[PDB]
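In what follows, a structure is listed as structure tokens, so that the remarks can point back to it.
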Amino acid sequence: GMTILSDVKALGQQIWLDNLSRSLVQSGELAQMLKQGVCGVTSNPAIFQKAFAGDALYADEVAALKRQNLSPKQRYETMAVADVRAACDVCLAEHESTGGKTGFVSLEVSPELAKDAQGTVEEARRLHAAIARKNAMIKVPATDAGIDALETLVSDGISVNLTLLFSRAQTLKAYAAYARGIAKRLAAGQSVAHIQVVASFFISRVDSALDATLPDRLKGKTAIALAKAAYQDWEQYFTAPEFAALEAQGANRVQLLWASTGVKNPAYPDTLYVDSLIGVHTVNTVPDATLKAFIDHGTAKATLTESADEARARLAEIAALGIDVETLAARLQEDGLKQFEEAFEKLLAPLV
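The sequence shown lines up with residues 0 to 351 when you count with the deposited numbering.
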């Protein structure tokens, strides 16, 4: 039942909604969710493409914006920033109640900037200022350029959702860049306690890529094993003396956020990813149908750290089979960027 969301909070994990639309906010539904245990919102270009295509409340907004001399990208941004700002207002009470630790809404920069660090910094600063809310996170793909940009944006005091992570190595690079930006701010005497970063590590895409050619004992197990190993890396990185020296001064840890947690293979229970990845100091962002499934028949248990030994053994067998998870991660990130760009171009076309 609905109290499972509160039960999961007690285990140290926030559950966010992986969807955003003008009607979700305007109808009052998002505000009711924030009272009933949803703790934040994520968007991406595919989410907006579907929202703009299907939500009736955009029609008048598009007609108004087509009366102005604006590029399709600025039409999109005016609509998207307005939804994000309205959602931030709904989530603000929650955000402020925890000292700025919860109640975030994420807006992703243009996919065409993914390999341009300076362009990414420029757009992220601009969108941060345009939303004008302390609980907005700018979402930035975790390419090498994105990790460069992350260090700068953190140095600038901006909260970031680093997305399209599939790699434990790349995630550790992101932690190091975060720590460099935090260290810069502390050395300059600037505040850090309100800077929040999440590392959105994708789940279902890994199993979708590998399962058809895996042996039976491994089907539907790789993504969870990778996530469990990533969380052990996280514990080790953030408790080490180097980060402890920063956390003593007010720095917040990065938190892992499980994304792509809707189950895509009907051979697996629809709550598989949410049930399997609950642990302290994490987030899981879920599409509506997965949130519904988890409320109905999910289980709140501290599963993320269970059986870490078996996770390691499975990842060792994945390597034994010749699957290089780092090569896979790069390919999955590249594919996700192409897919997001496809969705973005599809949403721009009706805005010309």
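Here a beta-carbon is modelled for each residue, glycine too, at the ideal position from N, C-alpha and C.
- Kindly confirm or deny that the segment 261 to 270 and the segment 200 to 215 touch, where touching means at least three C-beta pairs closer than 8 angstroms. yes
3-residue-minimum beta strand (DSSP E) runs that sit fully inside the segment 58 to 119, ordered along the chain:
Within the segment 58 to 119, the beta strand (DSSP E) runs of at least 3 residues that lie entirely inside it are, in chain order, 103 to 107.
Please classify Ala173 as buried or exposed, where buried requires at least 16 neighbouring CB atoms within 10 angstroms.
For the purposes of this step, residue 173 is taken as the residue at position 174 of the sequence shown. Counting Cβ neighbours within 10 Å, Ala173 comes out buried, since at least 16 surround it.
- Item | Residues that DSSP places opposite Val196 in a beta bridge | Counting from 1 along the sequence shown, the entry for residue 196 is found at position 197. According to DSSP, which records beta bridges pairwise, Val196 is partnered with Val159.
**Prompt:** Does the segment 160 to 179 touch the segment 215 to 230, meaning 3 or more C-beta pairs lie closer than 8 angstroms?
**Reply:** yes
* **Unbroken beta strand (DSSP E) run spanning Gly180, endpoints** => By 1-based counting over the sequence shown, the position of residue 180 is 181. Per DSSP, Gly180 belongs to no beta strand (DSSP E); it is in the alpha helix (DSSP H), 167 to 186.
- So, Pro286 versus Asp17, is the Cβ gap smaller than 7 angstroms? Walking along the sequence shown from the start, residue 286 turns up at place 287. Walking along the sequence shown from the start, residue 17 turns up at place 18. The answer is yes: Cβ separation under 7 angstroms.
So what's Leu164 in DSSP terms, helix, strand or just coil? Mapped onto the sequence shown, residue 164 falls at position 165. The answer is strand: DSSP assigns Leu164 an E or B state.
Which residues DSSP lists as bridging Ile14, in chain order: Taking the first residue of the sequence shown as position 1, residue 14 is located at position 15. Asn283, per the DSSP bridge assignment.
Can the beta-carbon of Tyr177 be found closer than 7 angstroms to that of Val253? Numbered from its first residue, the sequence shown carries residue 177 at position 178. Numbered from its first residue, the sequence shown carries residue 253 at position 254. Yes, Cβ-Cβ distance for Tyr177 and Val253 is below 7 angstroms.
Please state the DSSP three-state secondary structure of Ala310.
Counting from one through the sequence shown, the residue named residue 310 turns up at place 311. Here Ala310 sits in helix by DSSP.
Q: Would you mind reading off the limits of the beta strand (DSSP E) that contains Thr41?
A: Within the sequence shown, the letter at position 42 stands for residue 41. Note, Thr41: beta strand (DSSP E), 39 to 41.
Q: Note the first and the last residue of the continuous beta strand (DSSP E) segment covering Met136.
A: The sequence position of residue 136 within the sequence shown is 137, counting from 1. Per DSSP, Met136 is one residue of the beta strand (DSSP E) stretching across 135 to 140.
* Asked: At which residues does the alpha helix (DSSP H) containing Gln235 begin and terminate?
  -> For the purposes of this step, residue 235 is taken as the residue at position 236 of the sequence shown. It spans 221 to 238 - the alpha helix (DSSP H) in which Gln235 sits, taken as one unbroken run.
Exercise. State yes or no: is the C-beta of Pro71 within less than 7 angstroms of the C-beta of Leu347?
Key: Locating residue 71 in the sequence shown gives position 72, counting from the first residue. Locating residue 347 in the sequence shown gives position 348, counting from the first residue. Their beta carbons are under 7 angstroms apart, which means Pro71 touches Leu347 by this criterion.
> From which residue to which residue does the alpha helix (DSSP H) around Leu347 run?
Replying inline: If you number the sequence shown from 1, residue 347 lands on position 348. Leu347 -> alpha helix (DSSP H) spans 324 to 347.
* Using the C-alpha atoms, what's the distance from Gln73 back to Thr298? -> Counted from its first residue, the sequence shown places residue 298 at position 299. Counted from its first residue, the sequence shown places residue 73 at position 74. The straight-line gap from Cα to Cα measures roughly 43 angstroms.
Once DSSP output is grouped into helix, strand and coil, what is the label at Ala292?
Within the sequence shown, residue 292 is the residue found at index 293, counting from 1. The three-state secondary structure of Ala292, taken from DSSP, is helix.
>> For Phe47, list the residues DSSP reports as bridge partners.
In response: Working through the sequence shown from its first residue, we reach residue 47 at position 48. Answer is none; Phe47 lacks a bridge partner.
Q.
Tell me which residues share the same chain as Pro44 and place their Cβ nearer than 8 angstroms to its Cβ, disregarding the 5 neighbours each side in the sequence.
A. Stepping through the sequence shown from its first residue, residue 44 is reached at position 45. If we look at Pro44 and ignore the five residues flanking it on each side, its Cβ neighbours are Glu107, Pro110, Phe339, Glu340, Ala342, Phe343, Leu346.
Measuring alpha carbon to alpha carbon, tell me which of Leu271, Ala50, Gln12 ends up nearest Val197. Mapped onto the sequence shown, residue 197 falls at position 198. Comparing Cα positions, the closest option is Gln12.
- Query: Is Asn134 buried or exposed, if buried means 16 or more other CB atoms sit within 10 Å of its CB?
  - Reply: In the sequence shown, counting from the first residue as 1, residue 134 sits at position 135. When all chains shown are included, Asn134 counts as buried.
Among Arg66, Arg132, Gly278, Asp334, whose alpha-carbon lies nearest the alpha-carbon of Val351? Residue mapping note: residue 351 aligns to position 352 of the sequence shown, counting from 1. The candidate whose alpha carbon is nearest that of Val351 is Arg66.
So the candidates are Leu19, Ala315, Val120, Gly98; which of them puts its Cα closest to the Cα of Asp155?
On the sequence shown, residue 155 is found 156 positions in, with the first residue counted as 1. It is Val120.
**Asked** Between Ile181 and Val159, which are expected to be in contact by the criterion C-beta below 8 angstroms, what is the C-beta distance as a whole number of angstroms?
**Response** For the purposes of this step, residue 181 is taken as the residue at position 182 of the sequence shown. For the purposes of this step, residue 159 is taken as the residue at position 160 of the sequence shown. Actually they are not in contact, since the Cβ atoms of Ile181 and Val159 sit about 12 angstroms apart, beyond 8 angstroms.
Practice prompt. Please report the Cβ distance between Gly278 and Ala301, rounded to the nearest whole angstrom; I am assuming they are in contact, meaning their Cβ atoms lie under 8 angstroms.
Written response: Taking the first residue of the sequence shown as 1, we reach residue 278 at position 279. Taking the first residue of the sequence shown as 1, we reach residue 301 at position 302. The pair is a contact, with the Cβ atoms about 6 angstroms apart (cut-off 8 angstroms).
When the Cα atoms are used, what is the spatial distance from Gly219 to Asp274?
Counting from 1 along the sequence shown, the entry for residue 219 is found at position 220. Counting from 1 along the sequence shown, the entry for residue 274 is found at position 275. So the two alpha carbons sit approximately 14 angstroms from each other.
Review point. Roughly how many whole angstroms lie between the Cα atoms of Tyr272 and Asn68?
Key: Locating residue 272 in the sequence shown gives position 273, counting from the first residue. Locating residue 68 in the sequence shown gives position 69, counting from the first residue. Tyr272 and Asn68: Cα-Cα distance of roughly 45 angstroms.
* Under a Cβ-count criterion, where at least 16 other Cβ atoms within 10 Å of its own Cβ denotes burial, should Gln195 be classed as buried or exposed? -> By one-based count along the sequence shown, residue 195 stands at place 196. Buried.
Original post:
In this structure, does DSSP put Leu276 in helix, strand or coil?
Top reply: Against the sequence shown, residue 276 aligns to sequence position 277. Three-state result, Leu276: coil.
* To do: Using only alpha-carbon positions, find the residue among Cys87, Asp54, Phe47 that is nearest to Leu33.
  => In the sequence shown, the residue the question calls residue 33 occupies position 34. Looking at the Cα atoms, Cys87 is the closest of the given residues.
- request: Find out if the Cβ-Cβ distance for the pair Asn283, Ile14 is shorter than 7 angstroms.
  value: Locating residue 283 in the sequence shown gives position 284, counting from the first residue. Locating residue 14 in the sequence shown gives position 15, counting from the first residue. Contact flag set, yes.
Problem - In DSSP terms, what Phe242 is bridged to - result: Sequence index remark: in the sequence shown, residue 242 carries index 243 (1-based). DSSP output for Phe242 lists no bridge partner at all.
| message | Considering only heavy atoms of the ligand NAD, does any lie closer than 6 angstroms to the CB of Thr270? | response | In the structure on display, the ligand NAD does not appear, and there are no ligands present to speak of.
Take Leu245 as the anchor and find which of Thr270, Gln235, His280, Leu185 has the nearest alpha-carbon.
-> Your numbering for residue 245 matches position 246 in the sequence shown. For the residues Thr270, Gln235, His280, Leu185, the minimum Cα distance to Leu245 belongs to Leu185.
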